[PDB]
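# here is my input; please provide its structure:
(chains A and B)
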Protein chains: 2
Amino acid sequence: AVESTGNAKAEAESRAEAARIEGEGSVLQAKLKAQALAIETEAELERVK
Amino acid sequence: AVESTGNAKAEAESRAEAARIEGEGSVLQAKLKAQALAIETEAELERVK
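Numbering: from 1, shown residues only, chains lettered A, B, ... in the order given. Pasting the structure now:
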């Protein structure tokens, strides 16, 4: 019981432990993407204006 | 548990650690592209005018 449940628990815990990292990284990259779209559409806005 | 979860965590963390770099680089390149489109459309605007 302790071996099998411990194994599956460690495995799924590793899964979530990774997923939170790519999640937060997705957040920071979402922020950089937000700035990118921001300044890009802003500078482009002068052109279309 | 510590080995597998540590491996997957280091791997995904490497992924996000790269993605933030190409993200910020995408930001700076977006800025250079913004200036490029800016001066280009501006100088071209004199021509069409």
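# contacts and neighbour counts: CA atoms only from here.
Will do.
# residue numbers of chain A in contact with chain B?
A:7, A:10-11, A:13-15, A:17-19, A:21-22, A:25-26, A:28-29, A:32-33, A:35-36, A:39-40, A:43-44, A:46-47 (C-alpha under 8 Å from any C-alpha of the partner chain).
# residue A:44 and residue B:35 touch, don't they?
No - between residue A:44 and residue B:35 there is no contact under C-alpha atoms under 8 Å: 9.3 Å.
# smallest distance to chain B belongs to which residue of chain A?
residue A:14 (3.7 Å; C-alpha to the nearest C-alpha).
# residues contacting that residue?
Residues in contact with residue A:14 (C-alpha atoms under 8 Å, 6 or more residues apart in numbering or on different chains) are B:1, B:4-6, B:8-9.
# pull out the buried members of those.
The neighbour-count criterion (16 or more other C-alpha atoms under 10 Å in any protein chain shown) marks B:5, B:8-9 among these as buried.
# of those, closest to chain A?
For these, the nearest to chain A is residue B:5 (3.7 Å; C-alpha to the nearest C-alpha).
# with adjacent residues omitted, what lies nearest to the closest one?
residue A:14 (3.7 Å; C-alpha to C-alpha, 6 or more residues apart in numbering or on different chains).
# how about the secondary structure of the residue nearest to the spatial centre of chain A?
In chain A, the residue lying closest to the centroid (C-alpha atoms, centre = their mean) is residue A:26, at 1.6 Å. Secondary structure assignment for residue A:26 (DSSP: H, G, I helix; E, B strand; the rest coil): helix.
# residue B:15 is in contact with that one, correct?
No - here residue A:26 does not reach residue B:15: they are 10.2 Å apart, not a contact under C-alpha under 8 Å.
# thinking again about what came up before, switch the buried ones among the contacts of residue A:14 over to CSV; also include secondary structure.
CSV is the format used below for the buried ones among the contacts of residue A:14 (three-state DSSP):
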residue, secondary structure
B:5, helix
B:8, helix
B:9, helix
